[PDB]
J.: 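Okay, here's the structure, questions in a sec.
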Amino acid sequence: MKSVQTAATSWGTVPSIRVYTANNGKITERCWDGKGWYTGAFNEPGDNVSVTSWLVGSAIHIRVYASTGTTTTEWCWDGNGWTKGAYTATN
Ligand SMILES: OC[C@@]1(O)OC[C@@H](O)[C@@H](O)[C@@H]1O
Ligand SMILES: OC[C@@]1(O)OC[C@@H](O)[C@@H](O)[C@@H]1O
């Protein structure tokens, strides 16, 4: 709880960058697409965050893993807004 905790992903050649910050129990998103940093649409509960992303042709897919206690919730971006993913784990 001494400092915020971040996770970062990027794609393409511009590039696009997404940086997720866990702070005081919530995870927010800052975005770069070549022109300046702006606040993204992702905001969900969590004390810890990790991220991965992959391209399928021209489509970006992002997975954000948000954890509180022993429960990790996966959030998915597949072109049409964030949706909850199927990830589970018994921690
Ligand atoms: O505005 C850019 C945006 O749509 O890019 C994809 C995701 O990173 C979203 O949370 C974000 O708002
Ligand atoms: O399209 C969503 C989904 O199927 O993508 C692959 C994995 O991230 C799954 O947990 C997730 O539900």
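Throughout, numbering of the chain's residues begins at 1 and tracks the sequence. When a ligand or atom number is given, it counts from 1 through the structure's own listing order.
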J.: Going by the atom numbers of ligand 1, which of them fall below 4.0 Å from some non-hydrogen atom of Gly40?
T.: 12 (O)
J.: So which pairs with a foot in residues 76-87 pass salt bridge (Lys or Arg N to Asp or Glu O under 4.0 Å), sequence neighbours left out?
T.: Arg63-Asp78
J.: Does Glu29 reach ligand 1 with a nitrogen or oxygen that is under 3.5 Å from one of the ligand's nitrogen or oxygen atoms?
T.: yes
J.: Would you check, one step at a time, whether the test side-chain hydrogen bond (donor to acceptor under 3.5 Å, both in side chains) holds for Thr39 with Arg30?
T.: CA-CA 5 Å; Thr39 297; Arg30 293 283 280 174; 3.0 Å; yes
J.: At a 4.0 Å threshold, what atoms of ligand 1 neighbour a non-hydrogen atom of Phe42?
T.: 10 (O)
J.: Between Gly40 and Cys31, what is the shortest heavy-atom contact and its length?
T.: CA-SG, 3.5 Å
J.: What residues come within 4.0 Å of ligand 2, counting heavy atoms only?
T.: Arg63, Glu74, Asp78, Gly85, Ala86, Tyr87
J.: According to ring-ring contact (aromatic ring centres under 6.0 Å, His included), who are the partners of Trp82, at least two apart in sequence or on a separate chain?
T.: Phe42, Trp77
J.: Backbone N or O of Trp32 within a donor-acceptor pair of the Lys35 side chain at under 3.5 Å?
T.: no
J.: Kindly say whether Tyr20 contributes a backbone atom to a donor-acceptor pair with the side chain of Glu29 at under 3.5 angstrom?
T.: no
J.: Do any pairs count as a side chain to side chain donor-acceptor pair (under 3.5 Å) and have a residue in residues 40-51, sequence neighbours left out, and if so which ones?
T.: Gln5-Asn48
